[PDB]
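Per UniProt numbering: the sequence shown = residues 6 to 164, 171 to 325.
Accompanying notes for the structure given below.
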Amino acid sequence: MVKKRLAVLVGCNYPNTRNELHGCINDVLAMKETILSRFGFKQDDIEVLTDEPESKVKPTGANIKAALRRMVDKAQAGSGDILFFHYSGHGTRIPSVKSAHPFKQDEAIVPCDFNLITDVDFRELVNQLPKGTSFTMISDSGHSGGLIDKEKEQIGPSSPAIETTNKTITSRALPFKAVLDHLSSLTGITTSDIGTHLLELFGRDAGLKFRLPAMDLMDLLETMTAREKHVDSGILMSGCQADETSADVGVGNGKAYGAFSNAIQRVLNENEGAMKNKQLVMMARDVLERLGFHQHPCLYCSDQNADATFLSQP
């Protein structure tokens, strides 16, 4: 029977804004060519969401989640379907509770409309996938470590210094105050509660963290914790740790790129044969370390998926 290979590629350069980046769209275009030529993906099975001014499908929070949900629509049980999601753009960290002095923080990505997609949103996404399928997520963004909440850390801070790179770099992380101020410019509300702005602007399209009552979220987290005891289909390759940022390398000359995304491309160009998920992250860490980048890519997946081939390459 046919095995499906679906991909959603998101790149946010935020052009002509206060948080402009330059290498995110190039990351998407390079990753599209890689999966088309090496990993058996087909053009009709790849959705690209980039925010260049002439783009007809912008990487908004609703458009990203709808494209990911279209992938969940086609994944079948016992099929071994291969789902891929690449994100290059800004990341951020938000309070875990509705307080100005939270004890812990949640990781999130920043779509072009700032409709934040947090780690609990990606945890619900991978829990919608049947057993035997794989969802490989490469997030070249700041604070990308832990973007799939409760996904087991395989490579990370719990599992001689090189000179800093001479490349011209820019951080792919936005401070929480900058994200809050961006949303306040649209609502006009005077509050530090970022959930109030997101519910106000996007309603049902807001993240799970902001639209669900505390009782419904706890119950939802308990059902996911129960299912994760038997099914674990999520694979996250982050560009940095939860407390780090990811580097945007270059200037606005058309050749900028993400440091982590480029490190992945370098490893693939030098190793044409099939390689495990954990070996790809380890060799990507080696490339960034020798090149003078201080971000540490991480891997989050089950023990079995750590030994599985990246994108199930034959």
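Where is the CB? At the ideal position from N, CA and C, for every residue including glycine.
Own chain residues within Cβ distance below 6 Å of residue i, not counting five before or after
i	result
residue 46	10, 12, 40
residue 271	145, 250, 257, 308
residue 209	217, 221
residue 294	278
residue 138	80, 86, 244
residue 170	The structure shown gives no position for residue 170: in the chain, residue numbering passes from 164 to 171 with nothing in between.
residue 229	none
residue 178	260
residue 83	137
Contacts around residue i, its chain only, beta-carbon distance under 7 Å, and the 5 residues preceding and following it disregarded
i	result
residue 268	28, 31, 32, 260, 261
residue 187	97, 98, 99
residue 207	200
residue 204	103
residue 153	124, 127, 128, 131, 142, 245, 247, 311
residue 74	none
residue 313	157, 243
Residue i: first and last residue of the uninterrupted alpha helix (DSSP H) it sits in
i	result
residue 193	187-198
residue 78	66-79
residue 129	124-131
residue 211	205-213
residue 40	29-42
residue 280	270-281
residue 233	225-238
residue 5	Given a span of 6 to 325 for the chain in the structure shown, any question on residue 5 remains unanswerable.
One or two residues paired with residue i in a DSSP bridge
i	result
residue 245	140
residue 93	16, 145
residue 54	15
residue 100	110
residue 184	96
residue 168	You won't find residue 168 in this model, because the chain goes from 164 right to 171.
residue 153	DSSP lists no partner for residue 153.
residue 301	None; residue 301 has no bridge partner.
residue 296	Paired residue(s): none; residue 296 is not in a bridge.
residue 88	11, 140
Enclosing beta strand (DSSP E) for residue i [first to last residue]
i	result
residue 176	Looking at the DSSP string, residue 176 is not in any beta strand (DSSP E), and its letter there is neither H nor E.
residue 260	258-260
residue 309	309-311
residue 159	158-160
8 Å contact criterion, which residue i and residue j should meet: CB distance rounded
i	j	result
residue 21	residue 95	The pair is not a contact, with the Cβ atoms about 15 Å apart (cut-off 8 Å).
residue 54	residue 61	Not quite, the Cβ-Cβ distance comes to about 10 Å (not below 8 Å), so this is no contact.
residue 288	residue 316	6 Å
residue 147	residue 182	6 Å
residue 212	residue 197	6 Å
Residues of its chain near residue i, where Cβ-Cβ distance is below 8 Å and the 5 sequence neighbours each way are ignored
i	result
residue 239	132, 155
residue 301	173
residue 50	9, 10, 11, 12
residue 190	97, 99, 115, 119, 121, 205
residue 219	123, 125, 126, 129, 228, 231
Residue-chain proximity (residue i, chain D), Cβ-Cβ < 9 Å
i	result
residue 172	Structure shown: chain D not included; a single protein chain is present.
### Cβ contact (3+ pairs, closer than 8 Å) linking the stretch 239-248 and the stretch 280-287
The stretch 239-248 is not in contact with the stretch 280-287.
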